[PDB]
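**Q** What follows is a structure written as structure tokens; I'll ask about it next.
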Amino acid sequence: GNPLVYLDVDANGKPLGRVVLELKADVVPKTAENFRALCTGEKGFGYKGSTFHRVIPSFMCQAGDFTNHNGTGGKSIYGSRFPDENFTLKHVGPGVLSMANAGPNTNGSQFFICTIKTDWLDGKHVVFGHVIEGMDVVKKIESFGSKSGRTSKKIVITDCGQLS
Ligand SMILES: O=CN1CCNCC1
Ligand SMILES: O=CN1CCNCC1
Ligand SMILES: O=CN1CCNCC1
Ligand SMILES: O=CN1CCNCC1
Ligand SMILES: O=CN1CCNCC1
């Protein structure tokens, strides 16, 4: 069945806990596989040691730029970018896991976890999972954001991987 993966997150070197994500490989297998492999680091690169670089309260927590750490970077396991697989899953509420992008067909490694229903992103961002456990950790991360997206603490994915 669908993979379960985890992100262990620090703020300013202090552990916040673990976010567990279900990846909906049954609906978006290519997008799920990219995220899964970036969590395990099995291709030689991935999310471990990278940051949540953009966090907006009452919106989203964004991460996955493991090359430039500022929202410009990241890459997929397939190449620098890959197409929007489908828009079948919707941004239904807090806990939705979705791909960040710079327009159509520009998925790399950047992603976000929603903290509200972000319905205006339906048909624009590929939803590929949701938070199974650790929404408390997501809301802690959210609390360290700002309207500009700048974080008030350094938010680091200290470890990540696959649970099943
Ligand atoms: O959350 C929606 N899902 C539908 C497809 N199976 C995975 C779970
Ligand atoms: O609460 C929803 N919002 C929309 C996005 N900007 C932050 C507030
Ligand atoms: O801050 C990261 N960004 C990458 C996704 N598109 C908007 C800017
Ligand atoms: O690419 C990710 N984004 C976060 C949600 N708003 C649009 C840009
Ligand atoms: O906003 C820039 N990005 C780099 C390519 N992956 C999507 C986000």
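In the structure tokens, each chain is lettered A, B, ... as it comes, each chain's residues begin at 1, and ligands are numbered from 1 in order of appearance.
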Applying 12 Å and only C-alpha atoms, which residues near residue 103 (chain A) remain after dropping the ones on its own chain fewer than 3 positions away? List them as a PyMOL selection string.

**A** chain A and resi 81-84+99-100+106-108+121+123-126

**Q** Next, the residues of the selection above should be written as a PDB file, in the first residue's frame with N, CA and C atoms.

**A**
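This is the output file again-v2.pdb:
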```
ATOM      1  N   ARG A  81      13.125  19.078 -13.218  1.00  0.00           N
ATOM      2  CA  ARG A  81      11.694  19.313 -13.058  1.00  0.00           C
ATOM      3  C   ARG A  81      10.915  18.175 -13.688  1.00  0.00           C
ATOM      4  N   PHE A  82       9.680  17.973 -13.234  1.00  0.00           N
ATOM      5  CA  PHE A  82       8.817  16.979 -13.847  1.00  0.00           C
ATOM      6  C   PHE A  82       7.377  17.482 -13.933  1.00  0.00           C
ATOM      7  N   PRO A  83       6.584  16.886 -14.829  1.00  0.00           N
ATOM      8  CA  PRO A  83       5.254  17.417 -15.072  1.00  0.00           C
ATOM      9  C   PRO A  83       4.297  17.253 -13.911  1.00  0.00           C
ATOM     10  N   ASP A  84       3.236  18.051 -13.958  1.00  0.00           N
ATOM     11  CA  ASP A  84       2.097  17.859 -13.067  1.00  0.00           C
ATOM     12  C   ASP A  84       1.437  16.538 -13.420  1.00  0.00           C
ATOM     13  N   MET A  99       2.706  19.817  -3.875  1.00  0.00           N
ATOM     14  CA  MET A  99       3.945  20.257  -4.498  1.00  0.00           C
ATOM     15  C   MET A  99       3.964  21.749  -4.725  1.00  0.00           C
ATOM     16  N   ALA A 100       5.063  22.381  -4.338  1.00  0.00           N
ATOM     17  CA  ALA A 100       5.290  23.767  -4.704  1.00  0.00           C
ATOM     18  C   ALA A 100       5.720  23.780  -6.156  1.00  0.00           C
ATOM     19  N   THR A 106       6.488  22.298 -13.340  1.00  0.00           N
ATOM     20  CA  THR A 106       7.786  22.709 -12.788  1.00  0.00           C
ATOM     21  C   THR A 106       8.048  22.111 -11.406  1.00  0.00           C
ATOM     22  N   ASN A 107       7.492  20.942 -11.154  1.00  0.00           N
ATOM     23  CA  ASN A 107       7.738  20.238  -9.892  1.00  0.00           C
ATOM     24  C   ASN A 107       9.190  19.822  -9.769  1.00  0.00           C
ATOM     25  N   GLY A 108       9.778  20.011  -8.593  1.00  0.00           N
ATOM     26  CA  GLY A 108      11.139  19.556  -8.338  1.00  0.00           C
ATOM     27  C   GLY A 108      11.143  18.767  -7.053  1.00  0.00           C
ATOM     28  N   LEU A 121      -5.712  26.619  -4.814  1.00  0.00           N
ATOM     29  CA  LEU A 121      -4.564  25.927  -5.379  1.00  0.00           C
ATOM     30  C   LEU A 121      -4.967  24.652  -6.130  1.00  0.00           C
ATOM     31  N   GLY A 123      -6.023  22.353  -8.986  1.00  0.00           N
ATOM     32  CA  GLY A 123      -5.789  22.484 -10.419  1.00  0.00           C
ATOM     33  C   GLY A 123      -4.506  23.216 -10.777  1.00  0.00           C
ATOM     34  N   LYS A 124      -3.758  23.669  -9.772  1.00  0.00           N
ATOM     35  CA  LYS A 124      -2.489  24.373  -9.959  1.00  0.00           C
ATOM     36  C   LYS A 124      -1.305  23.657  -9.280  1.00  0.00           C
ATOM     37  N   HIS A 125      -1.548  23.049  -8.118  1.00  0.00           N
ATOM     38  CA  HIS A 125      -0.530  22.320  -7.361  1.00  0.00           C
ATOM     39  C   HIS A 125      -0.979  20.887  -7.201  1.00  0.00           C
ATOM     40  N   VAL A 126      -0.053  19.959  -7.419  1.00  0.00           N
ATOM     41  CA  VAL A 126      -0.345  18.541  -7.301  1.00  0.00           C
ATOM     42  C   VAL A 126      -0.326  18.115  -5.835  1.00  0.00           C
TER      43      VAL A 126
END
```

**Q** Give the residues close to ligand 3, within 7 Å, counting only C-alpha atoms and all ligand atoms; write them as a ChimeraX atom specification.

**A** /A:53-54,70-72,100-102,110

**Q** Generate the output file for the selected residues, N, CA and C atoms, as a short mmCIF file (atom, residue, chain, number, x, y, z; two decimals), in the first residue's frame.

**A**
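And here's out.cif as it stands now:
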```cif
data_model
loop_
_atom_site.label_atom_id
_atom_site.label_comp_id
_atom_site.auth_asym_id
_atom_site.auth_seq_id
_atom_site.Cartn_x
_atom_site.Cartn_y
_atom_site.Cartn_z
N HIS A 53 11.84 26.92 4.57
CA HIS A 53 12.33 28.26 4.22
C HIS A 53 11.24 29.32 4.13
N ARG A 54 9.98 28.92 4.03
CA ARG A 54 8.88 29.86 3.85
C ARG A 54 7.67 29.34 4.61
N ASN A 70 16.39 28.62 -0.20
CA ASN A 70 15.69 29.91 -0.24
C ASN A 70 14.44 29.98 -1.11
N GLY A 71 14.01 28.85 -1.68
CA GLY A 71 12.83 28.83 -2.51
C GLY A 71 13.10 28.83 -4.00
N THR A 72 14.37 28.98 -4.40
CA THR A 72 14.71 28.98 -5.82
C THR A 72 15.10 27.60 -6.33
N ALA A 100 5.06 22.38 -4.34
CA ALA A 100 5.29 23.77 -4.70
C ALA A 100 5.72 23.78 -6.16
N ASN A 101 5.50 24.90 -6.83
CA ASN A 101 5.95 25.03 -8.21
C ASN A 101 6.10 26.49 -8.62
N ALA A 102 6.61 26.68 -9.84
CA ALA A 102 6.81 28.00 -10.44
C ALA A 102 6.00 28.08 -11.73
N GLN A 110 10.53 20.96 -3.91
CA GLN A 110 9.85 21.81 -2.94
C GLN A 110 8.40 21.39 -2.76
#
```

**Q** Taking only C-alpha atoms and all ligand atoms and a cut-off of 9 Å, can you tell me which residues surround ligand 2, written as number ranges by chain?

**A** A: 56-60, 115-118, 147

**Q** Which of these residues is nearest to residue 92 (chain A), using only C-alpha atoms: A:9, A:33, A:127, A:64?

**A**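 The closest residue to residue 92 (chain A) is A:127.
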
**Q** Ranking A:94, A:129, A:79, A:49 by minimum distance to residue 29 (chain A) and counting only C-alpha atoms, which one comes first?

**A**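 That would be A:129, the residue with the smallest distance to residue 29 (chain A).
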
**Q** Could you go through region 2-153 of chain A and tell me which residues DSSP, when run on the backbone, assigns to strand (DSSP E or B), listing them as a PyMOL selection string?

**A** chain A and resi 4-11+14-23+51-56+60-63+76+79+82+96-99+107+111-114+127-133

**Q** I'd like the interatomic distance between CA of residue 50 (chain A) and CA of residue 38 (chain A), to a tenth of an Å.

**A**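 Computing it gives 11.2 Å between the two atoms.
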
**Q** Leaving out region 14-19 of chain A and any residue of its chain fewer than 3 positions from it, which residues lie within 7 Å of it when counting only C-alpha atoms, given as a list in words?

**A**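 Those residues are residues 6, 7, 8, 9, 10, 11, 131, 133, 134, 135 and 137 of chain A.
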
**Q** Using only C-alpha atoms, determine which residues lie at most 10 Å from residue 67 (chain A), disregarding the query and same-chain residues fewer than 6 positions distant; provide the list as number ranges by chain.

**A** A: 45-47, 50, 73-75, 109

**Q** Closest to ligand 5 among A:23, A:41, A:80, A:32, using only C-alpha atoms and all ligand atoms?

**A**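 Of all the options, A:80 lies closest to ligand 5.
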